[PDB]
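*Asks:* the data below comprise the sequence and an experimental structure of the protein.
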Amino acid sequence: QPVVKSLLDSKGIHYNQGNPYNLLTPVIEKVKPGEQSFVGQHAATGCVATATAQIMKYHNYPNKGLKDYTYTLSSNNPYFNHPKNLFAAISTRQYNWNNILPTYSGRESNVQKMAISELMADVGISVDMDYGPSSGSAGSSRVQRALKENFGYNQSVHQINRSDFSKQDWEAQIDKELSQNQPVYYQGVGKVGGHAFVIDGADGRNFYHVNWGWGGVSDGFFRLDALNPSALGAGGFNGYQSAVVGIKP
Ligand SMILES: *[C@H](C(=O)O)[C@H](O)C(=O)N[C@@H](CC(C)C)C(=O)NCCCCNC(N)=[NH2+]
């Protein structure tokens, strides 16, 4: 396994799902029975958008979006009146990567906060985000499509599924991305739920550096069969693993 220091850390990239990332997500309209309450608050960006946006920032790409996206929230989503149609004008976007900062801590200009929230909302919409207090997406299958179709990333972008590969071939694919300075979109499921995140380094001892998309909480090195961040307190993201690799302009 090669030694690759955290690619996101190298560029100071640390995103999360709340303020100011979520300034343009849909504003919650309704109460889910027994959950008081989130009305009038912006929905979370969703871990899938946060992971994807961090990788996009690593590349500062694209300057210009390619294709718009529209979808309708599931009729089972309790937070919005139905139908709820969302639209991202991605084909018209001129993303100013100078204004989309690698992290946000509070003194950023309105231009800079608009820049990141626009990216987060565009990415979220492109992956059919089921917006809520927390926001869920199918993940890899949506991410690979959005990156190519809407964002104009290389045709090389594709989803890989863990059970489609031997252990050696799986790790070889992740390693190759990291040797090419290409952070990997990754997701898995356990006891605790399913979560998406970024693999962006390797220690040469078969641990991989993970950015969990929680602004830095639990970020560090993990074995792929033990993606068990401290925030779980609680079986980690070790089942139904998939990644999106080949992520480059
Ligand atoms: C992201 C987060 O903020 O933590 C969240 O974990 C997430 O998106 N999880 C995915 C699981 C994958 C491993 C990414 C998830 O739970 N998806 C459920 C599918 C979409 C939800 N429902 C509908 N109708 N779209």
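*Replies:* Looks like it came in fine. Numbers count the residues shown, from 1 in each chain.

*Asks:* so which bits of this protein are right by the ligand?
*Replies:* Those residues of the chain that sit near the ligand, judged by CB under 6 Å from any ligand atom, are 17, 44, 46-48, 74, 130, 134, 136-139, 187, 189, 193-196. All C-beta spots, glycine's among them, are computed from the backbone N, C-alpha and C.

*Asks:* in this structure, spot the helix with the most residues.
*Replies:* Longest helix of the chain, by residue count under DSSP state H: helix 110-126.

*Asks:* report how many residues lie close to the closest residue to residue 223 other than its chain neighbours.
*Replies:* Using CB to CB, 6 or more residues apart in numbering and skipping the chain neighbours, the partner closest in space to residue 223 is residue 207 (5.8 Å). For residue 207, the count of nearby residues is 16 (other CB atoms under 10 Å).

*Asks:* residues contacting residue 207?
*Replies:* Residues in contact with residue 207 (CB atoms under 8 Å, 6 or more residues apart in numbering) are 221-223.

*Asks:* mind doing that once more with 10 Å?
*Replies:* Residues near residue 207 by CB atoms under 10 Å, 6 or more residues apart in numbering: 1, 201, 220-224, 226.

*Asks:* now do residue 115
*Replies:* 20, 95-101, 108-109.

*Asks:* ok, so of those residues, who is nearest residue 26?
*Replies:* residue 20 (15.9 Å; CB to CB).

*Asks:* report the separation between the residue lying closest to that closest one once chain neighbours are set aside and the ligand.
*Replies:* Nearest residue to residue 20, sequence neighbours excluded (CB to CB, 6+ apart): residue 113, at 4.2 Å. Plainly put, residue 113 is 21 Å away from the ligand if you go by CB to the nearest ligand atom, to the nearest Å.

*Asks:* and for residue 113, the neighbour number?
*Replies:* Counted with other CB under 10 Å, residue 113 comes out at 19.

*Asks:* isn't it up against residue 99?
*Replies:* Yes - counting by CB atoms under 10 Å, residue 113 does reach residue 99; the two are 9.2 Å apart.
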